[PDB]
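In what follows, a single structure is set out as structure tokens and then discussed.
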Amino acid sequence: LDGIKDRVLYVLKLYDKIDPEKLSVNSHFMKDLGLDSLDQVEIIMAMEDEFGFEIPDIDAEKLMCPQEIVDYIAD
Amino acid sequence: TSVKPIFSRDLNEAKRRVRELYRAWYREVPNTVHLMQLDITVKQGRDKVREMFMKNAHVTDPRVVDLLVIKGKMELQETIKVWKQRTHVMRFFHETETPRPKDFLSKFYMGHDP
Amino acid sequence: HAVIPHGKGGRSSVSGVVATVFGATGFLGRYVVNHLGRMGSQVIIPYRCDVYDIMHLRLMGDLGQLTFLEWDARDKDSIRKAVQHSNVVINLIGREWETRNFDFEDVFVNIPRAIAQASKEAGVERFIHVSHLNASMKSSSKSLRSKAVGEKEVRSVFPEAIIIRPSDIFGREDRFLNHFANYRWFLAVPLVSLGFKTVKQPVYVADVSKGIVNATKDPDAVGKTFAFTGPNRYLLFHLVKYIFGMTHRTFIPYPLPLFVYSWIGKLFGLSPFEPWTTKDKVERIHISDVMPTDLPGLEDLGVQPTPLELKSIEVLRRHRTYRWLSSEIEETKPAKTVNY
Amino acid sequence: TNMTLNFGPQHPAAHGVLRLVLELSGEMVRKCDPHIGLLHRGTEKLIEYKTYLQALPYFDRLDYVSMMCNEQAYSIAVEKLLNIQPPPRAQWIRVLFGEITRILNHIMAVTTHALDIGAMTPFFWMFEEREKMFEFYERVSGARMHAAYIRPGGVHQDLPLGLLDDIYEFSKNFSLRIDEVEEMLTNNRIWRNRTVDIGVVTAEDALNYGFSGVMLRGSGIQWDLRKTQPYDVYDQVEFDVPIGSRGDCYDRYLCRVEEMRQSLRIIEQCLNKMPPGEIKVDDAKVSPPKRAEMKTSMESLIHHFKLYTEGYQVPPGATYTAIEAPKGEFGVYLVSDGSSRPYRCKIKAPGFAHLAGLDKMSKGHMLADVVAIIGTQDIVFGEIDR
Amino acid sequence: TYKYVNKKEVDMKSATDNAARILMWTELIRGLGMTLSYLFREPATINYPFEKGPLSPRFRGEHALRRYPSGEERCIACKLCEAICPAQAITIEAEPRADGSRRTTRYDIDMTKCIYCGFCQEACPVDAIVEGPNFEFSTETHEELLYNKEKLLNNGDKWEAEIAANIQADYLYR
Amino acid sequence: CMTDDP
Amino acid sequence: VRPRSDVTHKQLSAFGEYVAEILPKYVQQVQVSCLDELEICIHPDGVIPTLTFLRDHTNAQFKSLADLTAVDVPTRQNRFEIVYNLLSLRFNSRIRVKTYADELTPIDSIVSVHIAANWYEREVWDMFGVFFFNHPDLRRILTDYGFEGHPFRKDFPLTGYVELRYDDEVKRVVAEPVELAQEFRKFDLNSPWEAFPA
Amino acid sequence: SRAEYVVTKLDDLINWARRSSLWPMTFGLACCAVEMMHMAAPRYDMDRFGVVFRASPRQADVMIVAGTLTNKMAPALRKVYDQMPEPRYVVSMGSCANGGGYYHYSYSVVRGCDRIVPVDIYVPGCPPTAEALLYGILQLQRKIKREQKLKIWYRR
Ligand SMILES: NC(=O)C1=CN([C@@H]2O[C@H](COP(=O)(O)OP(=O)(O)OC[C@H]3O[C@@H](n4cnc5c(N)ncnc54)[C@H](OP(=O)(O)O)[C@@H]3O)[C@@H](O)[C@H]2O)C=CC1
Ligand code: SF4
Ligand code: SF4
């Protein structure tokens, strides 16, 4: 259950245009990181490759929280 | 005002479609750079995709956004199926053309009409 | 005497540089005519190769931009008429194999002198002479030394004549990169000192070309001896392996005394048809790249050098196999940089 | 991709330039998506920037196998807009060279069809006859093909003094030349096989996909715009449309050989009954003045100067006029403002519709079948690409 | 009036006839006879350099600018040859010659642009620009194909005798 | 054969 | 003078009313012009309905689509004027139904009514930019694969903005902004004197 | 015996072989193709001169570009030019391919094939007469005859 967060944290910092040590689970891609709308899209996609599950077009819109992403991936 | 809608009733719904296309292109960039043996970097190409998707970031009207992705989707279908060849893809990168400076002094020094 | 530059900057536009370029057919040359033609400059390309071979140059020049003249190095008159109406003369005459009827002196010092000599008589505004990098009048390779001899002479025939001095060049159709990659035929790839202590700094051909062209259109360069070098140096070991890496062909660096190897170069040199390796080439290959302390070339003349790894994929692709032909540089590992 | 394989632009089998991106399960074609525009050149936009008489040469190039018949369509169209009609002799001429041109197209279509199939001797046999016909063009227009002879108000210059006689000697013999091809292909034990029951098109489907040509006539639909809606003096002649049954590559072929035969019947008449008269309208307003007149009469110079420099000045309107070009219905929709240069000129190409049908014709067919069907549509990429 | 191109008992005579057609390839042999027949016909080809395919007077061929017998070039720069050229090929700029007469300083027919329509032949009032008979002017370089006034005037002088004969034959028709 | 006169 | 047959002018006019009554809803103007051709003008929404009635009506069978085109009147608010020309092998006549479409207000597709239109509709999108809903596969037909801009629009430069040449440096064909060596000479041809309309 | 003589003679032979047998790969873009099929046809037999009726992009010595080289076909032309042997040649045919022709100012037409493939002989005429192509093919034969590849090798 945390293992998901372990992976999710690994994916966010690897792209390197985000989380320069400011990575936080409560941190929101759009709300505080400032990462672009599109960049988020890239992120969700990224998570999909490591998880091995492709999340739908819409639910990407609701999760801007890594922690919430782990919430959904566990489901 | 009072304009009949094309595919979405509002910018919101329209933006949904743009997201999908971005994803599409994002997932495709790598394949093209390999099926066309293009001499570019997937990362590099993926930035280009971003460039284009934002070159038209200013559009506020829903109808204009819908036709833009209508055009966009046909673009990737020709990009895929390798209908466009290496020469039609690389054109996006404007590799051969010499970049023009936008500095006034620069233009003054070169062209009569800037 | 001049041509006001009108146009937007592309083909079918005018830049006002009428330039004789005697050795255009060359690997470097091809590129020099490309930019000069792109810019819209008037280019006179003297040629002694057959017309069929000179055809590749026709298309990059716009209608009437390129004029081809029949010319013989031994015949002084041919050089005379070529520079009659040019205001810029660029000399790229060079070879690696001393040919039966042309010695390193001729290709590097003798001929390139007569040329600039006439150019002055003509009244050409500027002459650009190209000589190999690290060229001591005492360097081991007859080639390099002879080239050094020339850069001196031509000064006296043509004062304030720019002398760009490029390193071995990296580009498609180049030797530096293809030669090593073609060692595939050889089961083992000899490397003097096992490819060590001969750090080398390649430079993309275009960078060199653009640089050269920029010289033609800049007053800052007079008597300047620029040195286009590169964006990163390399011990010959990584270079060799890297090449083999992109070519996706095995690597067996094998130590072989340069003494014995100079002999292998002699062997190929013996061959009548364009010896593939040259006793001098061998030496040059091992001659370690000199560090930079001279008039800056690239960047200084306006072009930022381009790393080797970036375009290597295009130069070495032809050497791959059926499947290896589909691999790209970023999944591949880029070799380490040794400045030493 | 089911081994998607571009038929390729460079292919002797593909007329001109055709990329047929085809997905073939082994030697069976699952889907044909023809690509077009390899010869788009702008013919429709270029015409808007040119005057009526300087846009006439574009029509010869639209489908140049049928060089003149195409001109007649623009001619007719420009004549309708001006409500002017050509003089009687010019009409017969246009039908004379209209038909000669049909033969020229069919000799191309039948013989080029065979070359792709693999029969090569029919092409050389009939290209010699073609050659002889070209010479008619040259001695009438000046150009072997791309004449510019049929202009918007009649033809340009009367026939040379002696052409009719030679368009007779030739016609008197050409038949045997068609007969020969026949003894070589109509009943070949092998032509039939590769052609029979290949690309059958129903009657209802042919009308639906807008085939409008032999392709319709081959399916048994009786429609020849030359009999249904007579243009020029094709009304005064008597010919039999060659309708077909069991429409398939072989049947339509037989139809094209039969119109070669029927056109000789129409040519004969035209030679037998062409009237004495003028070959261009007498309205200096539309037709350029004779050179003796422009060099001796002021009103004629003024009319020569204005006509060549500015133009007809067609009255504002729009018309769709269709003839029966050898390929099929060739029509020009020419919208026109009062200006001397047109506003729009969509060329309907019998061929844009026919290619589209390639998909619905070549289904569950082998690679060789596709080659046979492109032949039975007489696709000239100039008309399709325009 | 319509006609059925292909619109259509079993007797031993009939069948035996049909079976022989399939078994011994009778119709195939018929086709071979036709080609053997021509093998014996005289070939229609011409020695191209030695014998030339016939072209009658109206053949458009290669552009030339004529001159009056006296020696005064016919063109008076009205420039409607430029106006009616469909391809924009002819470029004409003029100025009054010292004589006071009107002549073209530059007359450039771009032959690669020209599509040999022959309207220029038609349009000229003095008939200075004519479609000359020569069709063999293939050139090694693209620049040679672009033609200025001096090449066309020189072309006119070389072919004037035949051009005059050709115009002589066809002027009544025009 | 433009003119049948030599 | 052309050989007008009034017999036609009348019969086609009469059909024009017939259609106008049968479909009061979409027909805006019907007119049998001189040259004896009938043109029924329909609101863009009537594309499907008016065609279908003509394709499948016993008293007006218009089976084949001769052509689908779009004149572009830049002045007109609705820029394009989609024109559909239809033939009737049963009544040997032709009618043209023309609608109006602006750049971003798409028209319905008639591929259903006539499959001939599958290609012409792609042709209209490529050249003029009108979009056709419910089209099976709308994609550029005539223009190059990477072409940007719709060419037959009156606002598109003839020469265009891009041209192609082979560049050795890159050993591949490469677009460059168009640079022409003799610009299209734009002769002004309109005469300042009109012709008194008959 | 002077090798120089020995060389010239040898070169000539080489030139005679290439110049006698030129196997043309023709494109037939557009119509000027119809005027080449006429050359192949009986009045003006191309074969008699050693020109084969047609060959594939490989076995072809000369490419005759007949017809407009539109922007979409421009990448292909090159490919096929690039897929031919080391001794290769291009005979541009037609005003539509020498320059741009009637369609020079169009947005979809390359203004000449010599902007995409180096061109050796330019045959002029909208439908360049078949005799004219034949003249053009014959001038390519005189161009090859003059080529002196081995003498330059010897003198290099
Ligand atoms: N990487 C490199 O190649 C480097 C090159 N340089 C210098 O830059 C110059 C250009 O290099 P590059 O283009 O590779 O050299 P090339 O080997 O390509 O030869 C350059 C040109 O010189 C001509 N040439 C050679 N010998 C003679 C002669 N005897 N008479 C007349 N012309 C002759 C050749 O024409 P043809 O073959 O038709 O006779 C050729 O086109 C050379 O002079 C070289 O010294 C310096 C550093 C590195
Ligand atoms: S028309 Fe005849 S005369 Fe007038 S300019 Fe053109 S050529 Fe000279
Ligand atoms: S040149 Fe004249 S003939 Fe040859 S293609 Fe272009 S138009 Fe057709």
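The residue numbers of chain D are those assigned by Swiss-Prot, with the residues present covering 78-463 sequentially.
Recorded method for this deposit: electron microscopy, 4.1 Å.
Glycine residues also receive a Cβ, built from the backbone N, Cα and C atoms like all the rest.
Per Swiss-Prot, the features are:
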{"type": "BINDING", "residues": "D:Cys326, D:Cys332, D:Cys347", "note": "[4Fe-4S] cluster binding site"}
{"type": "MOD_RES", "residues": "D:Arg118", "note": "symmetric dimethylarginine"}
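When the Cα atoms are compared, D:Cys326 ([4Fe-4S] cluster binding site) and D:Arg118 (symmetric dimethylarginine) turn out to be 31 Å apart. Chain E comes within the C-beta cut-off of under 8 angstroms for the following of the recorded positions D:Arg118, D:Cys326, D:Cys332, D:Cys347: D:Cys332. Taking the Cβ of D:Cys332 ([4Fe-4S] cluster binding site) as centre and 10 Å as the limit, one finds 25 other Cβ atoms among all the protein chains shown. A straight line from the CA of D:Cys347 ([4Fe-4S] cluster binding site) to the CA of the residue listed as 'symmetric dimethylarginine' spans 36 Å.
Calculated from their C-alpha atoms, the gap between D:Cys332 ([4Fe-4S] cluster binding site) and D:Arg118 (symmetric dimethylarginine) amounts to 32 Å. Using a CB-CB cutoff of under 8 Å against chain H, the recorded positions that qualify from D:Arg118, D:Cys326, D:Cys332, D:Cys347 are D:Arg118. Annotation note: D:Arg118 (symmetric dimethylarginine) sits in a coil segment as assigned by DSSP. A sphere of 10 angstroms centred on the C-beta of D:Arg118 (symmetric dimethylarginine) encloses 30 other C-beta atoms.
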